[PDB]
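Accompanying notes for the structure given below.
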Amino acid sequence: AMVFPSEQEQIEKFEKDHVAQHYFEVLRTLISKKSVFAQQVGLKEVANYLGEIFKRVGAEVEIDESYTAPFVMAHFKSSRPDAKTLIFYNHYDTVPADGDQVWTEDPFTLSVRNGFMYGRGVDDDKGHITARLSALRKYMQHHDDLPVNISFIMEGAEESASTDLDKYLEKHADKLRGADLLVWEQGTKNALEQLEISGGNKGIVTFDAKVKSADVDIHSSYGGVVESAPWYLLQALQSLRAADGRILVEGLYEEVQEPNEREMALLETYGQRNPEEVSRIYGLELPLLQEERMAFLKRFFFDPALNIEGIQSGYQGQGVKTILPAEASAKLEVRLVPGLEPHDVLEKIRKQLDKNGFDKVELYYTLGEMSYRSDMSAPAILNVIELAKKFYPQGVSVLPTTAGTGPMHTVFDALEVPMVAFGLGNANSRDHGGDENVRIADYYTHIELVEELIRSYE
Amino acid sequence: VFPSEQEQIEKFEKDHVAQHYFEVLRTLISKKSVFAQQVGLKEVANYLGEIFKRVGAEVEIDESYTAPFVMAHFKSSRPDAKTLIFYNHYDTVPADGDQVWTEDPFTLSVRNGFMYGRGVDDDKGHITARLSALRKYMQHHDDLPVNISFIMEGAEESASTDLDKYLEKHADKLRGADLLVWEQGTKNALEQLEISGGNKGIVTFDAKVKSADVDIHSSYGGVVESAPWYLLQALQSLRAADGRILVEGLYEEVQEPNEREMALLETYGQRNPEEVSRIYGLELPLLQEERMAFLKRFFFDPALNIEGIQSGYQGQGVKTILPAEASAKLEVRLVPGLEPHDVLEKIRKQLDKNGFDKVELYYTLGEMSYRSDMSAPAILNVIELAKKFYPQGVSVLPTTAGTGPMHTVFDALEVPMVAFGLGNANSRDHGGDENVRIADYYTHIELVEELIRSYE
Ligand SMILES: OC[C@H]1O[C@@H](O)[C@H](O)[C@@H](O)[C@@H]1O
Ligand SMILES: OC[C@H]1O[C@@H](O)[C@H](O)[C@@H](O)[C@@H]1O
Ligand SMILES: OC[C@H]1O[C@@H](O)[C@H](O)[C@@H](O)[C@@H]1O
Ligand SMILES: OC[C@H]1O[C@@H](O)[C@H](O)[C@@H](O)[C@@H]1O
Ligand SMILES: [Mn+2]
Ligand SMILES: [Mn+2]
């Protein structure tokens, strides 16, 4: 028997809440200050501003400027002895406004229209920073002390693969290790307005593959006797993957951590009802590689995948060109799951190609990110799940991992604290797109959930 | 017994007829004639028309289709005289981009005992050398002992567009001939004159796959099939590791080589398959390694080739997409018995049967194949005459691996066909600094003159 406020009620609460309003003006200022890692613009400016903001309400603040993007930490202390610690991880850099992106109003001007707030960073990730601070300060309106120690860590290079995050966390692990729970930088409601509460990221390894079959393109009259670069490469790739998408590389699945019973039960309960709908959404013309719902979800969340991002050889254009191309190349990737490390995955692929008779395929490592997940059974995570249900009428969607890539493995490796992601995004927030937005009611609801999480530590 | 190269060059220098047509060649080369660019076609056809008319030939320039068809007939007075036909083309490929040209491609240049220019080998030089041979003969005899017809088309480099129609129209003036001499021929790397009697064929076509409306984030790569995987799977289902084509009903249509054809291969085919590996710097094993297996595959079997394939992202860095589209440019090299349209339809059926109905196929070009076992007496005569002019001997092959209109010409004319000419293994047809050895050019003249004399 749970009752929930209406969207109209949430918006009025938001309008009447002096603390939420104070930090909404702070959000306006933050959005206005462009902070992009890849344009080197405004990182120190935003990191210092955040420093002042948190100092004002009594946090002990440290701004480490050792690497390109300053690393901001703000610790709020509880007077309770044997108090636990809560960590909020967030980032203050955003992607550029840019491209063929359509903006109704200036991307760096926080704009409110039709019950949504618009601006570069309102969802990813600055809005999450002002909402979580709002929550703490609201709790502080009605209490003399915090029931739990609270640490905010804000990096400035999340959109450029969290450059040097590993070096900041190693440097400051002593103050962070041992916390009860770490809440991730963002989260969203899904298409059914269920709050997604997730516990992992998949990883990836990307690499170039190249073949040189001869010193020059040869006349195609020789194609019956002379092997060409594209045939060799097609044969090589075809050797590494079954028609159902299973990867044919020895040693690879042996390293994969299989999902436990809880993880499989979570998928059953919370995974999309009809994942076969991707066919409609993208106008697929070929059948899915895995069609039954659970086979599909399990492949999607818990299996790796060998992907061709591009392949090219010989002649493109109008007309013909009677050649056996000397060179062929491809841009490949393997999506990873826990157990699989980028360099090692590539070495197993080198070995299998050599064993298959394709030693002339050259491989060149380009990028890697490690994967991470949990079965969402840590009691600190269970607490979050039960509290969230009191705030979202459509309920929650609990997932061991999302299919996105991110720094979760880096963070857990340094800090070893249980991690959970939830936030104030909507399925159509357009992160990284034009008119990035957050629903005003969703933003206020995240404040209330975070304040309730703090109260749960009393 | 055989003249030296130095003697040949001197003979060439002192021969007023050869020198006259060598200046004619200079002019032909200077006039760019490329079918694909529709440049110079009427200009070169008209100029040739006049060159032949001047020496008393009965000339017809048919301008019905894009490239004018030129015919020049020289009559013998002998009443039961046979007829000899020369087929040649006056169009060339362009000079081009990546190609290295020491001097202007459209300026005949002589260096180190070679002549250089676009068309000196393929095919303008063959035209002037053959008219030289006829006219040289006429310096020493009262009349031709055989009727001689020159047929010159201007679309050979573009698959002989409308040749078939011109031959249908003029077949009454041409059918009944004793022998037809093909457009060009070369000496092989061992300086043996190649004498051949066939062209392989070709069917080229685009293959395309659309797998979705849009490029999808590659995180879906374990559940959504992409266009490039589907296409690689389709292409691989059609070709065995050893190059054999896996298409039902294809090999059934292949005409097997007879005993003479195989014996010719064995005698005159390359001595060593592995030389190809050395020449091209091959980094992969040959698809057929034993000599006779290699040779039979090269001249007498079809082959499925990828000229190009592309999909998704090329460029700096990565792009986390499953591409929605992939395409390829394919061809099947053909042998007698295989027709372009039928071959492509058999590939359509196999792909559907194999589960690849979504690969789209678009026919783009086709040429039928042709060959003979080189036993026609009119052809044997050429093989014997040639042994008197080339100290390294001759190389007799039923077919070259190149493509050409032999099938179209035979279908209209039904005259025994033989290819021999003035190129060298390094003439670089279709390439930069295309060239003919001066001595080789004059030797061709003398061999063609002797061919005429053999009809007395
Ligand atoms: O049960 C063993 C492990 O299985 C993994 O798949 C889960 O992500 C872990 O949280 C769990 O500890
Ligand atoms: O008290 C708040 C929460 O703190 C976590 O450390 C405990 O594991 C939960 O059981 C508890 O509900
Ligand atoms: O023996 C039958 C036929 O075999 C074919 O392979 C040859 O090209 C023909 O010249 C011959 O007439
Ligand atoms: O007379 C020249 C040649 O004409 C051909 O028609 C005959 O078949 C040959 O035997 C002869 O040598
Ligand atoms: Mn983010
Ligand atoms: Mn030619």
Side-chain angles (χ1 to χ4, degrees), chain B residues 2-29 47-59 70 72-78 81-88 90 108 110 113 115 120-121 123-152 178-185 187 193 195 381-382 384-390 418 420-423 436-456:
Chain B
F2 292 95
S4 64
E5 174 165 3
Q6 302 97 313
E7 298 172 56
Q8 290 307 85
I9 294 172
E10 174 71 5
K11 276 153 64 174
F12 169 67
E13 305 260 44
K14 298 198 143 40
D15 187 323
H16 301 304
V17 168
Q19 283 311 307
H20 180 84
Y21 290 106
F22 191 62
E23 292 303 321
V24 169
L25 184 56
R26 180 163 275 120
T27 310
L28 286 181
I29 296 302
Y47 173 72
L48 287 175
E50 197 66 46
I51 288 298
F52 283 81
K53 208 175 182 170
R54 268 188 158 75
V55 277
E58 166 195 332
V59 174
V70 183
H73 185 61
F74 294 87
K75 271 190 293 188
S76 168
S77 281
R78 190 169 157 189
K82 290 179 181 163
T83 300
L84 179 56
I85 300 174
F86 296 95
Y87 165 82
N88 285 286
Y90 60 80
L108 176 67
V110 181
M115 73 188 69
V120 291
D121 188 27
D123 195 42
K124 291 162 170 184
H126 283 89
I127 296 172
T128 60
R130 297 165 173 182
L131 184 55
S132 297
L134 183 155
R135 300 289 307 151
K136 190 178 173 45
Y137 182 91
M138 287 313 298
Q139 297 304 295
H140 306 296
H141 308 261
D142 279 347
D143 187 43
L144 293 175
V146 65
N147 297 304
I148 295 169
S149 294
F150 288 73
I151 57 187
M152 293 160 291
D178 189 62
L179 182 65
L180 179 157
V181 177
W182 203 238
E183 57 133 316
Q184 71 181 307
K187 284 204 278 177
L193 185 79
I195 300 174
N381 175 49
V382 171
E384 289 307 304
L385 292 168
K387 295 173 181 176
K388 297 149 76 162
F389 296 90
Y390 295 88
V418 64
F420 61 104
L422 42 66
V436 166
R437 176 188 302 270
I438 291 169
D440 281 352
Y441 180 95
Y442 200 73
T443 300
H444 187 60
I445 295 183
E446 286 186 318
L447 172 54
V448 175
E449 184 187 22
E450 176 72 1
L451 179 56
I452 298 174
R453 193 182 76 107
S454 78
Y455 285 82
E456 291 176 352

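Each chain gets a letter, A, B and so on, in the order its sequence line appears, and its residues count up from 1. Just so you know, these numbers use all the heavy atoms, side chains as well, and skip hydrogens, waters and symmetry mates.
Shown here for B:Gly125 and B:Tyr441, the closest heavy-atom pair between the two residues is O-CE1, 3.5 Å. Between B:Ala439 and B:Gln8, the shortest heavy-atom distance links the atoms CB-CB, 3.8 Å. The two atoms that bring B:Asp15 and B:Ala18 nearest to each other are OD1-N, 3.1 Å, heavy atoms only. When all heavy atoms of B:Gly421 and B:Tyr390 are compared, the closest pair comes out as O-OH, 4.3 Å. Between B:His444 and B:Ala129, the shortest heavy-atom contact is CD2-CB, 4.0 Å. The shortest heavy-atom contact between B:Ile445 and B:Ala133 is O-CB, 3.4 Å.
Counting non-hydrogen atoms of neighbouring residues, nucleotides and ligands closer than 6.0 angstrom, the NZ atom of B:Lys75 reaches no more than 12 such neighbours. Shown here is B:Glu58, whose CD atom has no more than 12 heavy atoms of other residues, nucleotides or ligands within 6.0 Å. The environment of B:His16 atom NE2 is sparse: at most 12 non-hydrogen atoms of other residues, nucleotides or ligands sit within 6.0 angstrom.
Between the side chain of B:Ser76 and the main chain of B:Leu144, a donor-acceptor pair closer than 3.5 Å is present. Within the 3.5 Å criterion, the main-chain N or O of B:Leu28 finds a donor-acceptor partner in the side chain of B:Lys124. B:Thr443 contributes no side-chain N or O that, together with a main-chain N or O of B:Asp440, makes up a donor-acceptor pair within less than 3.5 Å. The backbone N or O of B:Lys82 sits nowhere less than 3.5 Å from a side-chain atom of B:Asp178 that would complete a donor-acceptor pair.
Side chain to side chain, B:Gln139 and B:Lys136 fail the donor-acceptor criterion of an N or O pair below 3.5 Å.
Remark: B:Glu50 does not engage B:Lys53 in a salt bridge, criterion side-chain N to carboxylate O under 4.0 Å. Under a 4.0 Å N-O distance rule, the pair B:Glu456/B:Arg453 does not qualify as a salt bridge.
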TODO: Would you check, one step at a time, whether the test side-chain contact (heavy atoms from CB on, under 4.5 Å) holds for B:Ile9 with B:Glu13?
DONE: CA-CA 6 Å; B:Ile9 294 172; B:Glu13 305 260 44; 4.1 Å; yes
Open item on the list: Walk me through whether B:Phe12 and B:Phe22 qualify under ring-ring contact (aromatic ring centres under 6.0 Å, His included).
Closed with: CA-CA 10 Å; B:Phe12 169 67; B:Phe22 191 62; 5.2 Å; yes
Open item on the list: Between B:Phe150 and B:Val70, is the side-chain contact (heavy atoms from CB on, under 4.5 Å) condition met? List the steps.
Closed with: CA-CA 8 Å; B:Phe150 288 73; B:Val70 183; over 6 Å; no
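The shortest distance between side-chain heavy atoms of B:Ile51 and B:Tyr21 falls below 4.5 Å. With contacts defined as side-chain heavy-atom distances shorter than 4.5 Å, the pair B:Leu134/B:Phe86 does not qualify. A 4.5 Å side-chain heavy-atom check between B:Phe420 and B:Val448 finds at least one atom pair inside the cut-off. With a 4.5 Å cut-off on side-chain heavy atoms, B:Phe389 and B:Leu193 do not count as touching. At least one side-chain heavy atom of B:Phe52 sits less than 4.5 Å from a side-chain heavy atom of B:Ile127. Inter-residue side-chain proximity for B:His20 and B:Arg135 is flagged as unmet; no heavy-atom pair is nearer than 4.5 Å. Side-chain contact check for B:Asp121 versus B:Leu422: some heavy-atom pair is nearer than 4.5 Å. Within the 4.5 Å cutoff, the side chain of B:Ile29 has heavy atoms near those of the B:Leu25 side chain.
Rounded to the nearest 0.5 angstrom, B:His73 NE2 and B:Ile85 CD1 are separated by 10.0 Å. Distance check: B:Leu385 CG to B:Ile195 CD1 gives 9.0 Å after rounding to the nearest 0.5 Å. Expressed to the nearest 0.5 Å, how far CG of B:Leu84 lies from CG of B:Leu180 amounts to 8.5 Å. B:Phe2 CZ to B:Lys387 NZ: the interatomic distance, rounded to the nearest 0.5 Å, is 11.0 Å.
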